[PDB]
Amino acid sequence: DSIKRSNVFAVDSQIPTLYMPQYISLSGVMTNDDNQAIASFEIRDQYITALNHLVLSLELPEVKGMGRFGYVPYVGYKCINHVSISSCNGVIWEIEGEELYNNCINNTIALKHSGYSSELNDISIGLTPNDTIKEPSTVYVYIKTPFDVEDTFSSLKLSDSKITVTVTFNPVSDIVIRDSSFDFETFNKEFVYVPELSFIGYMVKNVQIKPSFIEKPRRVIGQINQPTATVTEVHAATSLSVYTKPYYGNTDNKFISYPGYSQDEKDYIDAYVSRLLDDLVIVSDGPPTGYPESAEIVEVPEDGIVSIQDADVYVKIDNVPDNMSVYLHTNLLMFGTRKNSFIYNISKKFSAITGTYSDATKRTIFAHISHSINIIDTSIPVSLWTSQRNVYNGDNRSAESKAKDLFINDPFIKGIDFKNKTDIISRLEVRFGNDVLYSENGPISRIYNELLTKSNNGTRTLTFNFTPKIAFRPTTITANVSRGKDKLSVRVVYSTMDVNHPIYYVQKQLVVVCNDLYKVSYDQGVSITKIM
């Protein structure tokens, strides 16, 4: 043929730079000077030319004693408060614990390694003061850095300089789900973080160092219930993410139910339904006892239907003794702002309850439950049911049920529900300087974020860099200081919720994440410079 063709059946195998990799594990220096746990790891070796893929391992201890206890899912990531990689010239790269987690949110393997098992995350119960609740375990946390992007090409080079990796830890309270029965006071005193930093080191023969570009995240958290947040000195940004976080400071961080390892939306709902059912349908000899005076427990008629206002509940239990009767708690949990206002009753959220009474165990075994319980219901702190805004008692459960409530202090919760299902941003407005950069009603920016990144856990994100990661200077939003366009102001309009619904009182915090472009220069030690 006359035409010149490109070879698609063969390739010239290039000889690469002569190097040798090695997995290096290092023990750190623990410091507790708010008495926050800080681990410092010093990397200095004449043969370690470059490094990447930082993995922090943590030896979790044996948990002995009484009460309910369980670690948060992906415990290893939740342990980290802040990570900082510095040199003699200063901080090269740094991240907030939540942002590291957010970057690793789609890496299923990294999340599994950090601690995601029935052994770690299911809520285990200790019976004797020497009973083992949790056996000792080791978790591996992948510290994803921009030095991993293109493996050897993106690796952090060491120009005979001392690289220091500083890991700040969140209090153990954050990574633990426990009940009142558990002796947390002793546990918090005795618990110590046992870390070990691992990395892939490279010994390079005649390394030809060239300058590079690195993306670094920056978050700004707005004031409690303020729908505005501003990121200053925005000169070269690659992306801008916007999300909400719930503030549970006004509460005691206690919740009725938790599903454990099983983390699906249905799992959260089923756990809640199970916890309520114990007090919702009662088989007792005469009127049930051990409930507040405020509680309205009605006997189920021969018809099987109990009418709570317009809501009808069908309750039918088999093998009930002749001396006993079937009862229904018509106001298990209720909320109202006024005496002549809408009432949010959890008992009204049930339509059908069927089961069989066990004479052997003296308890009701529920077969089928027809309800309208949602993720939000499972995400309401117990404090909000008994808040000052409520004209009613609120929590009409038994003392036995209330004692089973669990403290959840997970630092990385988003939205207003445990699954971040409910979208509470009705409108988004992003301003560069004073002019509107972007505005939306629907979460189309989140839809694109989820689509482009092939993620199911996305955020309302504005991407400015669609340029390949390999051999390219990232495309950034250019600033105009003279025109005043040197800042990014975000304003949201929260979705209007009913005042008589307890979720309305969940304090919100707007989080704005900005990824800034920096230049890496290895001339006279490792140093990073902000692009301006």
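Quick note: we count residues from 1 along the sequence shown, nothing fancier.
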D33 to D34: deposited residues not modelled, binned count -> 1 to 3
Going by the entry, of stretches 84 to 92 and 415 to 423 the one with greater average Cα B-factor is 84 to 92
Higher of the two mean Cα B-factors (372 to 380, 425 to 433; per PDB record) comes from 425 to 433
Note to self: of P146, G304, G260, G115, the C-alpha temperature factor tops out at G304
Per the deposited B-factor column, the C-alpha that peaks among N409, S198, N319, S445 belongs to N319
Tertile call for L517 (CA temperature factor, within chain, third-based) is the middle
Chain-relative C-alpha B factor for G484 (record values, thirds): the highest
Assert third(CA B-factor, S25) within chain per record equals middle
By the entry's values, the third containing the CA B factor of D359 is the highest
The third of the chain into which the C-alpha temperature factor of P287 falls is the highest
